[PDB]
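Residue-level structure breakdown
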Amino acid sequence: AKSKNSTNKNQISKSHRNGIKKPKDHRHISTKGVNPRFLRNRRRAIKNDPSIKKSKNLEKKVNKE
Amino acid sequence: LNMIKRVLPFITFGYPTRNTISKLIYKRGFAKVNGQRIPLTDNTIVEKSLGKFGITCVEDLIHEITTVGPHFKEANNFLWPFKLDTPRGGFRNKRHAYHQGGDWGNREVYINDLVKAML
Amino acid sequence: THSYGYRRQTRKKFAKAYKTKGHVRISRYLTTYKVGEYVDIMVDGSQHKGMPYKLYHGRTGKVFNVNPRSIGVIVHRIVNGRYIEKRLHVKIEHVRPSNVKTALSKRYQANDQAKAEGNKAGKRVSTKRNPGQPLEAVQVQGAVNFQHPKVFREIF
Amino acid sequence: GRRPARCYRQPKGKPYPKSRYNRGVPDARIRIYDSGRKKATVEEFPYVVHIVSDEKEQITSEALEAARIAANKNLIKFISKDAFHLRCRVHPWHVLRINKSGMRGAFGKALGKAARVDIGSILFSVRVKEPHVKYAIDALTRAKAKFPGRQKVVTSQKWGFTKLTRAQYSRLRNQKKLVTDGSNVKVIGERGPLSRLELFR
Amino acid sequence: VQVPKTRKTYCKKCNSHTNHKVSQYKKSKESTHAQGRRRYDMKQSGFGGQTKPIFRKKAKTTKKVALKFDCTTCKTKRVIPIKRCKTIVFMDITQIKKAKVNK
RNA sequence: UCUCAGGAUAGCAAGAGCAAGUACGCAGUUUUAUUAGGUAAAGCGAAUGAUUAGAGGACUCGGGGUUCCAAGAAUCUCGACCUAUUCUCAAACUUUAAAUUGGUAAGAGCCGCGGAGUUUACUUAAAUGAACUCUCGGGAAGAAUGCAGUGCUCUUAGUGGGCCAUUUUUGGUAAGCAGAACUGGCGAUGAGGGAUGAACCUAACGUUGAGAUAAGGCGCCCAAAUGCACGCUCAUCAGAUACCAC
RNA sequence: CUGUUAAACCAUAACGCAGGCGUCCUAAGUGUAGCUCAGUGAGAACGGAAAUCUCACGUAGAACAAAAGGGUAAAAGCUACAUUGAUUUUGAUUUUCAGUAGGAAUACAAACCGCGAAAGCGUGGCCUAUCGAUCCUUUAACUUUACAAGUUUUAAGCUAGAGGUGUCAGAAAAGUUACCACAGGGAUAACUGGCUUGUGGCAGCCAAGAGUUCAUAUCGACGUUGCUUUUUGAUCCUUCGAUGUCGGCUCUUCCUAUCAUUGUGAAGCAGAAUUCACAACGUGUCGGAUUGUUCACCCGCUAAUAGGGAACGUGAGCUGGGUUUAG
RNA sequence: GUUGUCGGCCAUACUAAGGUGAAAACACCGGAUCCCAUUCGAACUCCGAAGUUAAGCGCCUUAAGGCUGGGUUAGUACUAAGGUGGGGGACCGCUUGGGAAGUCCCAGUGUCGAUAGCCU
Ligand SMILES: [Mg+2]
Ligand SMILES: [Mg+2]
Ligand SMILES: [Mg+2]
Ligand SMILES: [Mg+2]
Ligand SMILES: [Mg+2]
Ligand SMILES: [Mg+2]
Ligand SMILES: [Mg+2]
Ligand SMILES: [Mg+2]
Ligand SMILES: [Mg+2]
Ligand SMILES: [Mg+2]
Ligand SMILES: [Mg+2]
Ligand SMILES: [Mg+2]
Ligand SMILES: [Mg+2]
Ligand SMILES: [Mg+2]
Ligand SMILES: [Mg+2]
Ligand SMILES: [Mg+2]
Ligand SMILES: [Mg+2]
Ligand SMILES: [Mg+2]
Ligand SMILES: [Mg+2]
Ligand SMILES: [Mg+2]
Ligand SMILES: [Mg+2]
Ligand SMILES: [Mg+2]
Ligand SMILES: [Mg+2]
Ligand SMILES: [Mg+2]
Ligand SMILES: [Mg+2]
Ligand SMILES: [Mg+2]
Ligand SMILES: [Mg+2]
Ligand SMILES: [Mg+2]
Ligand SMILES: [Mg+2]
Ligand SMILES: [Mg+2]
Ligand SMILES: [Mg+2]
Ligand SMILES: [Mg+2]
Ligand SMILES: [Mg+2]
Ligand SMILES: [Mg+2]
Ligand SMILES: [Mg+2]
Ligand SMILES: [Mg+2]
Ligand SMILES: [Zn+2]
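Summary of conventions: residues on each chain are numbered from 1 in written sequence order, possibly unlike the entry numbering, and any residue without coordinates is omitted from what is shown. Here chains are named by letter from A upward and ligands by number from 1 upward, in the order in which they appear as written. Any value quoted here refers to the chains shown, not to the larger assembly they are part of. By convention in this description, side-chain values take in all heavy atoms of the structure and omit both hydrogens and water.

What the entry reports as its method is X-ray crystallography, with 3.520 Å given for the resolution.

For chain D, the PDB entry supplies the name 60S RIBOSOMAL PROTEIN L10 and the organism Tetrahymena thermophila. UniProt positions are given in the numbering used here, feature names are shortened, and annotations may be inferred rather than shown by experiment. Taken directly from UniProt, the Sequence similarities text for chain D runs: "Belongs to the universal ribosomal protein uL16 family."

Chain C has the name 60S RIBOSOMAL PROTEIN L21 in the PDB entry, where Tetrahymena thermophila is given as its organism. Recorded in UniProt under Sequence similarities, the annotation for chain C is "Belongs to the eukaryotic ribosomal protein eL21 family."

See the structure below:
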């Protein structure tokens with residue numbers, strides 16, 4: 001037996017073949033890597049903010065407090 | 001000019017006379033119409049696509065071209081890439097730069113001669 | 001390559017710059033970072049914790065989270081012909097602010113100013129920047145230095 | 001027998017010095033780079049004749065000693081030991097290898113040492129008085145024959161082994177700007193602390 | 001390796017730091033009645049020679065130590081793994097400080 | 001992967017579809033803005049490692065020979081220490097430091113320590129900060145060029161022994177040898193040219209007529225100059241050209 | 001796992017270079033404080049090259065378990081003291097990447113602590129290596145089950161450690177066959193042919209020298225440019241649904257690096273003999289011992305007893321001694 | 001103009017041998033009962049006020065060493081794209097782009113702060 005060990009020849013072209021795919025810029029991004037402190041703050045400051053429209057029963061809870 | 005560094009050996013560019021420009025657009029004139037390749041014959045076409053820019057006429061076209069006025073871009077895209085002919089003069093050497101007696105590069109003024117050979 | 005380890009082939013990239021030995025660099029300690037800022041990421045060898053993988057040295061990321069000792073940044077890596085988002089967490093040490101936005105804001109504000117004033121006068125101002133342009137006609141009156149090609153001489 | 005020089009002529013490798021990565025690299029057959037009267041003053045031997053390798057190649061140390069011994073015998077006999085300083089500019093740093101079942105791994109033991117020479121590098125240098133220039137030019141040429149391919153012989157207008165042109169050298173003689181160590185000359189600048197200059201003795 | 005017999009650490013039941021006796025782990029025997037033993041036997045009965053494989057090639061020279069900690073306060077038990085070691089010596093803090101003083 | 005003639009697995013490929021084909025979007029391109037890098041080179045009177053030449057030296061560290069007389073002093077010879085230099089070098093050296101090249105960007109999802117909000121172990125002495133909401137002020141569209149390849153789903157074939165050229169490369173004396181890098185190509189590919197011939201030169205193919213060409217040619221085999229002008233060459237072994245046959 | 005090959009992001013092959021891992025450490029982890037090491041000059045009983053004590057100078061040239069590279073000076077080094085953060089919950093991130101697992105390491109959020117006045121620092125060793133699934137067993141912790149109902153004893157579970165697979169994504173595994181067999185392979189050896197030419201063979205260049213005198217009549221050291229494919233090696237292109245694999249015999253033809261014969265040039269050519277060179281194969285280049293022999297060695301004649309090629313010329317031309325089935 | 005305190009940059013700040021020193025500070029300086037500290041009150045700590053710019057320290061001096069910046073070096077070395085370019089080759093060179101480093105030259109030699117002060 002004898003073989004060709006590693007060649008990267010055709011792979012670059014193959015990769016450029018259909019273009020290099022880039023992800024979508026999404027206004028709102030996932031929360032990974034963000035600490036819980038800040039996250040709880042967000043949760044609270046959202047729950048209490050009236051200028052942010054909640055669900056009905058939610059607003060009931062918020063308006064009772 | 002920088003984007004031409006890479007293609008220098010595959011192409012000749014030059015600085016055309018207005019005369020050349022005209023000749024090109026009369027003999028080799030074709031227009032890009034909603035994707036179609038349309039022979040430049042009437043002016044109705046120049047009005048159709050470029051009319052609102054203030055291009056009513058072949059002569060106008062030639063003018064924004066030669067002046068390179070306010071709308072060059074659309075004046076150009078309007079113009080189908082020119083499908084030329086075999087030069088009557090042979091090319092000299094295609095491996096060589098016009099400088100070595102070859103053809104690849106800017107023949108600054110000289111492009112005209114070439115165009116003349118191809119028209 | 002027979003060995004693949006977090007620091008492989010890290011020799012001259014991570015060695016401190018000449019005469020940088022033991023520089024504490026208090027400035028990095030004081031730099032303020034905000035969720036939307038653009039950070040440039042640069043490793044220092046004295047500070048071992050929160051070390052990014054060599055690949056990311058000199059990359060420009062966008063900040064995403066802020067932790068007490070560390071800024072979460074965002075970079076992308078081309079992998080098999082596609083881009084993959086990577087969420088980095090860098091200790092303060094290996095991070096510095098990028099001027100890529102600073103330039104932008106400065107420029108913009110000045111430009112906008114100009115346009116507002118012009119709008120006052122009926123003149124439309126354009127902020128579009130044009131690249132190098134073909135040189136305008138010129139007249140030249142000067143002293144002529146006439147050169148002739150030198151003979152060949154051998155200097156030994 | 002030793003492998004033919006035509007094997008190692010072209011420099012196909014990256015440089016293989018005797019290093020702490022090299023065990024049991026042998027010695028080089030050229031141990032002495034200076035012959036003649038080494039004690040002479042720049043004043044005593046004004047003119048230089050150089051062998052300049054015209055080619056890019058690897059010269060074997062053995063080849064060096066060869067060309068050298070030769071040039072030496074020539075010069076000593078035909079003028080006098082007193083009258084020539086012979087210096088070998090090049091040193092044989094590069095180690096050749098030789099692979100002595102099949103190809104299983106070919107990395108060789110150390111064969112010998114060679115000097116890596118590039119086009120225009122001076123191989124040999126001789127300094128002498130005018131009357132003897134030719135003789136020098138002569139023996140050098142002969143040593144060129146102990147050598148792989150092309151090398152050329154030249155006369156420098158600089159002073160001995162010094163960097164100065166004989167004109168600069170002479171002017172600096174006149175002005176008392178010159179200090180003498182052997183083959184070397186020192187030149188005196190305005191940049192020096194005055195505690196040095198001869199006058200504050 | 002030298003491990004102190006007394007050590008202060010966290011206890012979950014006491015929710016604080018306790019003095020724990022530190023001892024090594026001991027694998028206890030295979031109860032004759034575990035389902036595994038049962039099957040092994042039942043397969044192995046009759047014929048078919050031996051059934052399950054026998055492990056012939058063993059590479060390890062060292063076994064990871066399991067520290068058993070017992071809280072003095074609440075009696076609770078907990079196991080921690082430690083890096084590979086050839087030797088393990090347990091020692092009274094008394095004799096440890098005494099040996100450190102001597103050195 | 002008991003895996004090396006095989007399998008899966010991504011990649012490459014076809015068909016059927018979804019979505020407003022954010023064109024203020026896209027790009028194997030430049031430009032502009034902000035930035036990375038330690039390779040080529042160079043450098044070793046600069047660190048690390050080698051390493052030749054001669055001289056000096058108040059002050060020196062020891063050896064030897066000399067001499068005298070005597071044990072000291074005077075003095076030749078060595079090196080080590082500086083003194084000022086000097087020869088030649090490093091892929092597992094490096095201060096310096098390219099070309100080619102890598103990030104990130106070039107605006108309505110913009111800019112502005114102007115406002116009013118929301119936060120029950122978020123931040124601060126601090127309405128301090130922070131993050132998000134509704135407001136206030138300003139903002140010709142914020143480089144060139146191109147778009148007959150918009151993004152995404154779904155199902156799935158074949159493939160998984162490669163080979164060659166330019167340039168760069170490692171082992172090897174070397175090989176039509178054995179290995180690697182970027183771009184191609186050959187395999188999967190015909191046409192004209194290199195007489196000839198996989199990977200060279202031109203050039204990429206539906207059936208057909210005309211014209212003008214590329215590569216290469218125009219004494220005959222052979223379409224087309226025994227054209228028109230220059231320089232050089234006589235071989236009792238002339239010469240006749242890229243890859244090519246030394 | 002480190003530094004190189006590797007060609008300034010990353011990536012990149014070879015039974016390519018130079019090396020390192022299956023451990024070691026209750027401190028060599030963690031913290032606080034103070035100190036500055038290697039080395040150099042001058043100085044002090046025994047004291048001597050070298051023991052301790054001093055001062056001045058010391059960019060780091062020392063030290064930091066382990067290989068290398070990087071990192072470190074009121075410290076990461078040295079000294080002293082204190083302490084178990086080599087701890088409790090989860091999840092995420094980076095490297096390799098099928099962007100599975102596993103190994104490492106990082107950043108968070110909850111705890112419970114240690115050191116320090118305090119800020120602060122501690123989820124192991126300055127950083128980059130030091131490691132291991134399904135089933136089974138064992139252990140820790142838990143108002144899980146034994147399915148008519150209960151109490152026991154016993155037995156099953158859920159979460160997480162340890163017992164291990166070094167062929168390290170992880171089968172329980174010794175030989176022989178010339179008595180041999182099948183599927184295939186020119187993806188791969190043994191013969192020819194091809195590339196190469198080190199090794200072999202054959203020529204030159206320089207000229208130190210040898211030639212009593214004189215480098216080059218005849219040679220040629222130290223070096224160096226080539227040629228050849230009758231040595232050997234290297235490679236693996238063609239042939240594994242077969243190109244019959246040594247030698248001799250027989251016969252034909254070619255080469256010239258000519259052994260003899262023809263005509264010459266040269267000499268350290270008196271003659272004789274010999275040596276060097278040129279035109280040159282036109283013709284010739286033999287008989288036996290021993291050996292299967294190619295070769296080798298001997299006995300002889302001879303003008304001479306040249307060296308080679310032709311699938312290492314020549315098995316549907318022989319022969320079958322050698323080589324390599326089965327005794 | 002000058003000072004202490006805490007500093008960002010970290011030699012244009014360092015190194016060597018010198019000159020100079022208003023004021024106020026800073027220091028050297030005096031002393032060990034007290035908190036603290038060592039083999040030693042040297043240091044660390046504490047309490048002070050007889051002296052003194054001699055130290056430290058500010059500022060300057062050297063055809064100074066170093067460091068910083070420009071010049072030469074040099075369109076040299078290296079390098080991007082093309083080549084049915086040359087050469088037996090090693091290699092060199094033609095067309096279109098980028099473009100270094102040491103010797104030797106010349107200049108520079110700390111800068112930006114918040115805070116409280118001295119010079120009436
Ligand atoms: Mg793709
Ligand atoms: Mg032509
Ligand atoms: Mg081409
Ligand atoms: Mg660096
Ligand atoms: Mg097959
Ligand atoms: Mg598939
Ligand atoms: Mg389709
Ligand atoms: Mg547009
Ligand atoms: Mg690109
Ligand atoms: Mg830079
Ligand atoms: Mg090129
Ligand atoms: Mg190959
Ligand atoms: Mg290329
Ligand atoms: Mg190409
Ligand atoms: Mg095929
Ligand atoms: Mg083709
Ligand atoms: Mg036709
Ligand atoms: Mg004619
Ligand atoms: Mg890989
Ligand atoms: Mg080993
Ligand atoms: Mg400390
Ligand atoms: Mg791996
Ligand atoms: Mg903590
Ligand atoms: Mg396990
Ligand atoms: Mg030979
Ligand atoms: Mg010889
Ligand atoms: Mg074969
Ligand atoms: Mg047959
Ligand atoms: Mg046959
Ligand atoms: Mg002949
Ligand atoms: Mg001869
Ligand atoms: Mg016979
Ligand atoms: Mg045969
Ligand atoms: Mg038998
Ligand atoms: Mg400078
Ligand atoms: Mg130079
Ligand atoms: Zn407890």
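Focus on the overall build of chain C
Only DSSP runs of H or I with at least four residues qualify as helices, and only runs of E with at least two residues qualify as strands; both kinds are numbered from the N terminus onward. Scanning chain C from N- to C-terminus turns up three helices and five strands. Order of helices (α) and strands (β) in chain C, N terminus to C terminus: α-α-β-β-β-β-β-α. Only C-alpha atoms enter the radius of gyration; for comparison, a globular chain is expected to reach 2.2 Å times N to the power 0.38, where N is the number of residues. Since a compact globule built from 156 residues should have a radius of gyration of about 15 Å, the 26 Å found for chain C marks it as more spread out than a globular shape. Principal axes of the C-alpha set define a box for chain C whose edges measure 70 × 65 × 40 Å. Relative accessible area decides the class of each residue, using a 1.4 Å probe on protein chains only: under 20% of the type maximum gives buried, over 50% gives exposed, and in between gives partly exposed. In chain C, which comprises 156 residues, the share counted as buried stands at 24%. Partitioning the contacts of chain C with sequence separation of at least 6, the portion at a separation of at least 24 is 47%. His is not counted, nor are the chain ends; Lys and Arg add positive charge and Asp and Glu add negative charge. Where a charge lies is defined by one atom per residue type: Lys uses NZ, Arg uses CZ, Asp uses CG and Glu uses CD. Side-chain charges of chain C comprise 33 positive and 9 negative groups, with the mean position of each set lying 7 Å from the other. Throughout, a residue-residue contact means that at least one pair of heavy atoms, one from each residue, lies within 4.5 Å.

Observations regarding the sheet that holds strand β2 (residues 47-53) of chain D
All names here are of chain D. Two strands are said to pair when DSSP picks up at least two bridges between them. One open sheet accounts for five strands, arranged β1-β4-β7-β2-β8; its pairing is antiparallel. The open sheet has two edge strands, β1 (34-36) and β8 (151-156), and neither has a second partner. Averaged over all pairs of adjacent strands, the angle between their axes in this sheet comes to 15°, without regard to strand direction. Across three bridges, β1 lies against strand β4 (residues 85-88) in antiparallel orientation. Each residue of the ladder has a partner; that of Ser35, found in β4, is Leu86. Packed onto the sheet, helix α1 (residues 61-78) meets β1, β4 and β7 (122-128) and runs at close to 15° relative to β7. Each axis is a line fitted through C-alpha atoms, and for a helix only the stretch in contact is used; angles between axes span 0 to 180 degrees, taken between their N-to-C directions. The strands touched by helix α2 (residues 133-144) are β2, β7 and β8; relative to β2, the strand with the most contacts, the crossing angle is about 15°.

So, the protein's contact with RNA strand H
As a matter of local geometry, RNA strand H sits amid 25 residues, with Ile26 of chain C together with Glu55, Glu190, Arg191 and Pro193 of chain D nearest to it. In RNA strand H, atoms within 4 Å of the protein come from the sugar-phosphate backbone in 72% of cases. Contact between RNA strand H and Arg95 of chain B: a sugar or linking oxygen at 3.0 Å from a side-chain N or O atom of the residue. Residue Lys19 of chain C places a side-chain N or O atom 3.2 Å away from a base nitrogen belonging to RNA strand H. Within the surface near RNA strand H, the residues separate by chemical class into eight nonpolar, seven polar and ten charged. For this purpose, a residue is taken to be near a molecule or strand whenever a single non-hydrogen atom of the residue falls within 4 Å of it. Here a polar contact means two N or O atoms within 3.5 Å. Within protein one must be a hydrogen donor candidate and the other an acceptor candidate, and residues neighboring in sequence count only if both atoms are side-chain atoms. The classification used treats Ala, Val, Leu, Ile, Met, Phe, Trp, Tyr, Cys and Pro as nonpolar, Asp, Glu, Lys and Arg as charged, and all other residues, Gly among them, as polar.

Section: the coordination of the zinc ion (ligand 37)
For a metal bound by four donors in tetrahedral geometry, the ideal donor-metal-donor angle is 109.5 degrees, whereas six donors in octahedral geometry ideally sit at 90 or 180 degrees. All names here are of chain E. Bound to the zinc ion (ligand 37) on the protein side are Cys11 (SG), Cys14 (SG) and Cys71 (SG), at distances that span 2.3 to 2.7 Å. Excluding water, the donors of a metal are its N, O and S neighbours within 2.8 Å, or within 3.2 Å for Na, K and Ca, and that exclusion means sites may look incomplete. Each donor residue of the zinc ion (ligand 37) lies on the same chain, and together they follow the pattern C-x2-C-x56-C. Taken as a pair, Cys11 in strand β2 (residues 6-11) and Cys71 in strand β4 (residues 66-71) lie far apart in primary sequence, 60 residues in all.

Regarding the packing of helix α1 (residues 18-27) of chain B against helix α3 (residues 58-68) of chain B
Residues and elements named next belong to chain B. Interaxial distance between α1 and α3 falls to 10 Å at its minimum, and their mutual angle equals 140°. Compared by their axis directions, α1 and α3 come out oblique. Like other packed secondary-structure pairs, α1 and α3 cross with a definite hand, here right-handed. In this structure, α1 uses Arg18, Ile21, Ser22, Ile25 and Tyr26 to contact α3, whose residues at the interface are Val58, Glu59, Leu61, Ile62, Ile65 and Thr66. What sets the label is the angle itself: under 35 degrees gives roughly parallel, over 145 gives roughly antiparallel, 65 to 115 gives roughly perpendicular, and the rest give oblique. Note: crossing handedness is left-handed where the near helix turns anticlockwise from the far helix by less than a right angle, and right-handed where it turns clockwise.

Observations regarding the protein's contact with RNA strand G
Close to RNA strand G lie 121 residues, the nearest being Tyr4 of chain C together with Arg6, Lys14, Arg104 and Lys146 of chain D. Backbone atoms, meaning sugar plus phosphate, form 78% of the atoms of RNA strand G positioned within 4 Å of the protein. Within the side chain of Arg8 of chain C, one N or O atom sits 3.0 Å away from a sugar or linking oxygen of RNA strand G. Between RNA strand G and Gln35 of chain E, the relevant distance is 2.9 Å, taken from a phosphate oxygen to a main-chain nitrogen or oxygen of the residue. Ranked by residues supplied to the surface near RNA strand G, first place goes to strand β4 (residues 82-91) of chain C with seven residues.

Focus on the interface of chain A and chain C
At the interface, twelve residues of chain A touch eleven residues of chain C. When two parts are brought into contact, each loses some accessible area as probed by a 1.4 Å sphere; the total of that loss over both is the buried area. Between chain A and chain C the total buried area reaches about 880 Å² when both faces are included, carbon and sulfur atoms providing 58% of it. Of all residues in chain A, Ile20, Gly33 and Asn35 of chain A bury the most surface against chain C, accounting for 38% of the area lost on that side. We count a salt bridge whenever a side-chain nitrogen from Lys or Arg sits within 4 Å of a carboxyl oxygen from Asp or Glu. If you look at where chain A meets chain C, you find zero salt bridges. Run the count over chain A and chain C and you get six residue pairs in polar contact. Looking at side-chain class alone, the side of chain A that touches chain C contains four nonpolar, five polar and three charged residues.

Considerations on the packing of α1 of chain D against α2 of chain D
Residue and element names in this part refer to chain D. Orientation of α1 relative to α2, taken along the N-to-C sense of each, is 155°, at an axis distance of 8 Å. By the angle between their directions, the pair α1 and α2 is classed as roughly antiparallel. When you trace α1 past α2, the crossing you get is right-handed. Contacts from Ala67, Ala71, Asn74, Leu75 and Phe78 in α1 reach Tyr135, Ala136, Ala139, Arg142 and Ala143 in α2. Among the residues forming the contact of α1 with α2, the class breakdown is eight nonpolar, one polar and one charged.

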